[PDB]
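Below are the chains, spelled out letter by letter.
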Amino acid sequence: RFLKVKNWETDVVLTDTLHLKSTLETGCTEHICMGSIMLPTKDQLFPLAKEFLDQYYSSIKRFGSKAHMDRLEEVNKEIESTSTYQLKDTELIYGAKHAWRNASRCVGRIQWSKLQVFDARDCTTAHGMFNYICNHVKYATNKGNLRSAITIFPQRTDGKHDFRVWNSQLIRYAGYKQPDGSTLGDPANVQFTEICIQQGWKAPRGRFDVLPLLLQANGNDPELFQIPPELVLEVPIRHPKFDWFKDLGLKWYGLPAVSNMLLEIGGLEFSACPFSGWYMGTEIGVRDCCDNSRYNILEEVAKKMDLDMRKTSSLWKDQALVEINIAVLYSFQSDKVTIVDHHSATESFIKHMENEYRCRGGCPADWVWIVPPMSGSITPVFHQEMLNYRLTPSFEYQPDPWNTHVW
Amino acid sequence: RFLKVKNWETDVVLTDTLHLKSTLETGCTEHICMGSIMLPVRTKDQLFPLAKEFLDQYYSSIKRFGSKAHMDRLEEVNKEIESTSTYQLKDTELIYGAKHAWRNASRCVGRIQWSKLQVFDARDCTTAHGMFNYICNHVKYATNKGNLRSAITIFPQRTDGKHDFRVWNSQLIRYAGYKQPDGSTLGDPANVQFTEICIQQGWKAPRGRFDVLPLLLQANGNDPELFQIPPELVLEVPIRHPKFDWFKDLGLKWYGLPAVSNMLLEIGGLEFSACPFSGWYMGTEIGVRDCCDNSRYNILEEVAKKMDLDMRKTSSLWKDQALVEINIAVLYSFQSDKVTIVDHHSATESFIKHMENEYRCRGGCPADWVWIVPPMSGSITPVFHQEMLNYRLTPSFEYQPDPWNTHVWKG
Ligand code: HEM
Ligand code: HEM
Ligand SMILES: Cc1cc(N)nc(COC[C@@H](CN)OCc2cc(C)cc(N)n2)c1
Ligand SMILES: Cc1cc(N)nc(COC[C@@H](CN)OCc2cc(C)cc(N)n2)c1
Ligand SMILES: C[C@H](O)[C@H](O)[C@H]1CNc2nc(N)[nH]c(=O)c2N1
Ligand SMILES: C[C@H](O)[C@H](O)[C@H]1CNc2nc(N)[nH]c(=O)c2N1
Ligand SMILES: [Zn+2]
């Protein structure tokens, strides 16, 4: 029942008890591990509310207090009367921070308690959503000195009046199928681009076109808005040694901002809750630049470096990969846009895991996501056993809305 | 039931049905995943079902399921078990069994090769000297002057658990490690405890950086005995770099033959506690782990220094740069000396083709993503993008306790 995790590099063993709280299911059974799979009423609501409020009142050292019992009763009466309830500001903020704290796939959680929470529960229209999001973008970007933020739109009611940001991130680049047969821009974003075009967006048909926002308020049909260009901070990619690197014409945007997830707090569902931090360099240099189905630039870089590409065993892919990742970190640092390298980030996560074990009795972590997509075993998380389990408040995946929306 | 796995780079979806044949437990539950945990005497009554399921699988594989030969063999095994408490595998069943344990090894990226395995039957072995001779022959056969051949040697199965055959070494060939009084280590820090055991048992340690350990062998539950592998049978490759002429002066070399000797082979409920097996290396096993783990030879700094990398900040990626160069050096050296090695790109590409073939012809391929993905350049290998299902099929290779923890010393 009490489980140990071992670090195989340092021999340090930690005991996990926090997993006994876990509520949701993992996808695994005693017969089969699904660790590597990417996506595996009034009655229901009150126990979920109670469980959360219990944890909240515990955190402020007022468990079993008058104010604790009074709030529980107040929420009970509210659910019985209205079929739902409203979180106090203090609760919303706690909940948001804890959803991050509980995010098993996030290496950056040492930062979890420094999150700026923007309460957009008063928003009613898509134009309002656009204004809140521009403000989030400008606040988080902070002229390159990035600050973690989440903006929280109104909670789900009957599920026919959902707030959704249709975009997967606040800032991403368009992708277009060419008559040529090749793909211009980001191949990951072809379907969503078509939805935008189909809804009226005038597409520039370039390599690095920032997508408009497609915003849905109160379950109405979504609307297009372009983020003010001057609020989207971008970084041209160059290399400290290779003068030719800039001629590849590569750039990336500074703000990673996930907008397609659902925040669950105390049984309430926040279907539009864009959140942002700052990049770990491999997210851009390994994944965005080098994935076969993304910008896929390994060959072009290898050629400019004049590597022997006739045989895999020359490790030309590996050499080019490192150089691309060097250039990403150098360009962000030179322009003073916050970024963290995978060595620094994983070292921080190990310190954070130790804090969480010491202070909370554990830290749910998904090793498959936490270990960086390059140089895995030269980072300390590679040698760290991790236990993966689901705690609430949480960020959850949810269906893409175009599959779900009735026009 | 059907389970689907998707490849996120190609959108190829595969359907697994083989998982329905899984028996043994994973460690995970519907509430916790233990997929990154490294390590998550049999009654008559339990043995006959295990024998039967294995024999059913064997007979199916030879398209003789339900035949007179199959039925007679079940009966013969049933009678042997009730009369002697155990049974003996036919040579054919043993070969099938060993090949399948490899086929079933979910942490092994090299399984495209599973059907090409030379099985040395050592069940007539009775003494440690006899084990030493079997193992020298395995090493010479497998080495094949650099043209490496996969092989396994199988010593007598467990009886009462008081007469076990064991190879105490974790691999047939490994380098000694010595903790110095000042807390530094000479040689391979992973092998310090075992080196101390070897010295206690009487080994005269050369005390250098690459001393091949002696074999420590236990026959029939007796105290283990020390033997030196003839040096002329131990193929080693000096590590040099194609462009950096200073690389050779780091004084590195590695052995050509990776041979796991500490695992237990389970076939039809029988337990072969001494079953050393060998193939050939994937380059990252040496260049990433053996050379660069902080707990192993740990050479990254010295390499980075010699390359004149900016070592003032991790964000120059000096570690990553030096890591690639070391791994180029390992592949270059093995190739230059005509010692079989495979790079991580080739190996993973071959694994994906193997896995797709298994899904189509066998209904699945249990695989442990945490182990299959190489420890460098993960996402530029096709396995990183492949969803996998991990479950346990028998026959199998299993971990077992280190024998110094369990052995009853005779004196
Ligand atoms: C401040 C710096 C941060 C860093 C360096 C960071 C790091 C990362 C990285 C590298 C990933 C994997 C991304 C991928 O491979 O696609 C990730 C995932 C994730 N992070 Fe963070 N994170 C940060 C901030 C945040 C914040 C502010 C939140 C929420 C408030 C958050 C929540 C999440 C979630 C829910 C995932 C999983 C996303 C998914 O499943 O697609 N992170 N994090
Ligand atoms: C023929 C070339 C082979 C290659 C390239 C290869 C590759 C590998 C690699 C890279 C690993 C992970 C090693 C580690 O990180 O410690 C491994 C694990 C393993 N392989 Fe293979 N393999 C080969 C042959 C074999 C053979 C012949 C067998 C047995 C008949 C086998 C059974 C296993 C087992 C049981 C593991 C898991 C070991 C453990 O848990 O420590 N492999 N393989
Ligand atoms: C908040 C945050 C900070 C940070 N450094 N990184 C992130 C993650 O970035 C967004 C991620 C969410 N999975 O999206 C990238 C992506 C793209 C594609 C095509 C698939 C996928 N799963 N993920 C989020
Ligand atoms: C047969 C075979 C072929 C091949 N290419 N590689 C292997 C595996 O190599 C041996 C491995 C077994 N995991 O041993 C390395 C090791 C060392 C230490 C200190 C711990 C550990 N778990 N593993 C085995
Ligand atoms: C199949 C596998 O789960 C998938 O490719 C994963 C692996 N690990 C990952 N790790 C991170 N951080 N991000 C990812 O998108 C993925 N993708
Ligand atoms: C804790 C973690 O499971 C451990 O460090 C693993 C990860 N993946 C691995 N993969 C391989 N091939 N070999 C290993 O030793 C490990 N070690
Ligand atoms: Zn699992």
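Residues numbered from 1 in each chain as written, not as in the entry; some residues may be left out. Chains lettered and ligands numbered in written order. Heavy atoms only, no water.

Named according to the PDB entry, chain B is Nitric oxide synthase, brain originating from Rattus norvegicus. The record lists its title as "Structure of neuronal nitric oxide synthase heme domain in complex with (R)-1,2-bis((2-amino-4-methylpyridin-6-yl)-methoxy)-propan-3-amine".

Going by what the PDB entry lists, chain A is known as Nitric oxide synthase, brain and is assigned to Rattus norvegicus.

A. Here's a closer look at the coordination of the iron atom of ligand 1. On the protein, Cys106 of chain A (SG) is the one donor atom to the iron atom of ligand 1, at 2.5 Å. Topologically, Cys106 of chain A is positioned in the loop between α3 (89-101) and β3 (116-119). (Donors = N, O, S within 2.8 Å, 3.2 Å for Na, K, Ca; no water. Helix = DSSP H or I, 4+ residues; strand = E, 2+ residues; numbered from the N terminus.)

B. Representation of the coordination of the iron atom of ligand 2 within the structure. Counting protein donors to the iron atom of ligand 2 gives just one, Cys108 of chain B (SG), placed at 2.5 Å. In this fold, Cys108 of chain B is placed in the loop between α3 (91-103) and β3 (118-121).

C. Representation of the sheet that holds strand β5 (residues 164-165) of chain A. Residue and element names in this part refer to chain A. Strands sit in the order β5-β8-β9 across an open sheet of three strands; the sheet is antiparallel. The outermost strands of the open sheet, each flanked by one partner alone, are β5 and β9 (223-225). One ladder, built from three bridges, connects strand β8 (residues 213-216) with β9; its direction is antiparallel. Within β9, the position partnered with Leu214 by the bridge is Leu224. Relative to the sheet, helix α4 (residues 126-141) contacts β5, β8 and β9, its axis offset from that of β8 by approximately 130°. (Pairing = 2+ DSSP bridges. Contact = heavy atoms within 4.5 Å. Axes fitted to C-alpha atoms, helices over the stretch in contact; angles between N-to-C directions.)

D. Here's a closer look at the interface of chain A and chain B. Taken together, the contact pairs 63 residues of chain A with 62 residues of chain B. Carbon and sulfur atoms make up 61% of the surface buried where chain A meets chain B, a total of about 5,300 Å² over both sides. A per-residue breakdown of the area chain A buries against chain B is headed by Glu30, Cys33 and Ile378 of chain A, which together make up 12% of the total. Here chain A and chain B share zero salt bridges between them. For the pair chain A and chain B, the number of links is 30 residue pairs in polar contact. Going through the elements one at a time, β1 (3-6), α6 (281-290), α8 (316-334), α9 (342-360) and α10 (367-370) of chain A are the ones with two or more residues in the side of chain A that touches chain B. No other element matches the 10 residues that α8 of chain A contributes to the side of chain A that touches chain B. A class-by-class count of the residues in the side of chain A that touches chain B yields 28 nonpolar, 24 polar and 11 charged. (Buried area = accessible area lost by both parts, 1.4 Å probe. Salt bridge = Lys/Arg side-chain N within 4 Å of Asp/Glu carboxyl O. Polar contact = N/O pair within 3.5 Å; in protein donor to acceptor, adjacent residues only side chain to side chain. Nonpolar A, V, L, I, M, F, W, Y, C, P; charged D, E, K, R; others polar.)

E. Structural context of the domain arrangement of chain B. Residue and element names in this part refer to chain B. The domains assigned to chain B are domain 1 (16-123 + 150-160 + 264-278 + 348-372), domain 2 (124-149 + 164-235 + 399-403) and domain 3 (236-258 + 281-346). Its C-alpha centre places domain 1 at a distance of 27 Å from the equivalent point of domain 2. Taken residue by residue, the interface counts 22 residues in domain 1 and 17 residues in domain 2. For domain 1, the biggest contributors to the area lost against domain 2 are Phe155, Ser273 and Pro276; these three give 27% of the whole. At the junction of domain 1 with domain 2, the criterion picks out one salt bridge. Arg158 is the salt-bridge partner of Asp164, the closest N and O atoms lying 3.0 Å from each other. Seen at the junction of domain 1 and domain 2, the total is eight residue pairs in polar contact. Elements with a contribution of two residues or more to the side of domain 1 that touches domain 2: β3, β4 (151-154) and β15 (277-278). Looking at the side of domain 1 that touches domain 2 residue by residue, the classes come out as 13 nonpolar, five polar and four charged. (Domains from an automatic or database assignment.)

F. Looking closely at the site of ligand 1. All names here are of chain A. Among the 18 residues in the neighbourhood of ligand 1, the closest are listed as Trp100, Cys106, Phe275, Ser276 and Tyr397. Between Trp100 and ligand 1, the recorded distance is 3.3 Å, taken from a side-chain N or O atom to a nitrogen atom. Within the side chain of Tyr397, an N or O atom sits 2.4 Å from an oxygen atom of ligand 1. Counting residues domain by domain, the shell around ligand 1 receives three or more from each of domain 1 (16-121 + 148-158 + 262-276 + 346-370) and domain 3 (234-256 + 279-344). (Near = heavy atom within 4 Å.)

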